[PDB]
Amino acid sequence: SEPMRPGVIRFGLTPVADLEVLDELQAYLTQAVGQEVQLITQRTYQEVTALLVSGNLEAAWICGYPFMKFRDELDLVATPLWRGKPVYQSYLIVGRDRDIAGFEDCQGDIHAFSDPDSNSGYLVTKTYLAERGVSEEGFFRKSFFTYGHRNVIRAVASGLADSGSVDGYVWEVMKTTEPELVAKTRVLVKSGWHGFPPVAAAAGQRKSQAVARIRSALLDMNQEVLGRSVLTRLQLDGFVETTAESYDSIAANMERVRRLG
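Residues numbered from 1 in each chain as written, not as in the entry; some residues may be left out. Heavy atoms only, no water.

By the method listed in its record, X-ray crystallography, this PDB entry was determined to a resolution of 1.79 Å.

Some remarks on the sheet that holds strand 13 (residues 238-240)
The six strands lie next to each other as 2-1-3-12-4-13, forming an open sheet whose pairing is mixed. Two strands in the sheet have a free side with no partner beyond their single neighbour: strand 2 (37-41) and strand 13. On average, each strand axis in the sheet is tilted by 30° relative to the strand beside it, whichever way the strands run. Alignment of strand 3 (residues 59-61) against strand 12 (residues 199-202), held across two bridges, turns out to be antiparallel. By the bridge assignment, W61 is partnered in strand 12 with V199. (Pairing = 2+ DSSP bridges. Helix = DSSP H or I, 4+ residues; strand = E, 2+ residues; numbered from the N terminus. Axes fitted to C-alpha atoms, helices over the stretch in contact; angles between N-to-C directions.)

Thoughts on unusual backbone geometry
Residues other than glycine predominantly adopt negative phi, and peptide bonds predominantly adopt the trans conformation. Despite not being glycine, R83 shows a phi value in the positive range, around 50°. Here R83 shows up in the loop between strand 4 (74-81) and strand 5 (87-88). Despite not being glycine, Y147 has its phi angle at roughly 55°, a positive value. Here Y147 is to be found in the loop between strand 8 (142-145) and helix 6 (149-157).

Describing the sheet that holds strand 6 (residues 90-95)
The five strands are arranged 8-7-9-6-10 in an open sheet whose pairing can be described as mixed. The sheet is open, and its two edges are formed by strand 8 and strand 10 (185-190), each paired on a single side. Recorded for the sheet is a direction-independent mean angle of 25° between the axes of neighbouring strands. Its contacts with the sheet place helix 4 (residues 119-131) against strand 6, strand 7 (110-113), strand 8, strand 9 (163-167) and strand 10, and it is angled at close to 120° to strand 9. Helix 7 (residues 168-177) rests against strand 6, strand 9 and strand 10 of the sheet, and its axis sits at about 95° to strand 9. (Contact = heavy atoms within 4.5 Å.)

Here we look at the nonpolar core
Of all hydrophobic cores here, the largest spans 66 residues; its most connected members are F11 and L29. In terms of residue count, the dominant contributor to this core is helix 1 (residues 19-33) (six residues). Residues from two domains meet in this core; each of domain 1 (9-86 + 195-243) and domain 2 (90-191) gives at least three. Residues in contact with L29, not counting those within four places in the same chain, are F11, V37, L39, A217 and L218. Counting 14 residues, the second-largest nonpolar core is a separate cluster that includes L92, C106, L129 and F140. (Core = buried A, V, L, I, M, F, W, Y, C linked by side-chain atoms within 4.5 Å. Buried < 20%, exposed > 50% of the residue type's maximum accessible area, 1.4 Å probe, protein only. Domains from an automatic or database assignment.)

Below, the structure is given as structure tokens:
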């Protein structure tokens, strides 16, 4: 019960954007919170979520799947707004010129998933498979993790993967920033709408001044020039408060996948 506190406010995420964007987000959070905030990048959602649950981050930008997986150990801070709504889709992508009708035609593909703890990069496609009585090992000739949504698009564009499961927000953003790369892909399947990947805190930190200041920095991010500059680079509109109810559609798919196979 001797308290442990960090030397600096730590904000965890996966590399969701270019280094210049992340530097600008770090600068914004430092400015809004009124003291140093350090961005801690990890490769995987397992890594970021584990650091947050164990009290080695003040907050983290995670995914609805890891959030619902550790629902009792985590509190929602804020949900991003994209194209005016706190929701997104999983895209199943193939090569631009690939001649197939739908999901069934992907049998025997090499498939690129993003991360085993990603809603849009794994769980949605896993739900499509499980509903039809198959797993990735049975349906695909090979499946692998890229540990990055932009990397799924690169894997399909380069022809190393026949198909891929990607965050629809990331595909739409990349279409504007790297149009010649994304033009080598097309969307075969769009999923249902799910809660946009949220910012969360450890359950034992509701009272925390650090979490309160990070929450305010996110909700008030449009108030100042630097905040609006970061949001413009992310193609996000801001952050809103949500309840766990917003992530019920992801919880439902987790329960479905658990009950099947």
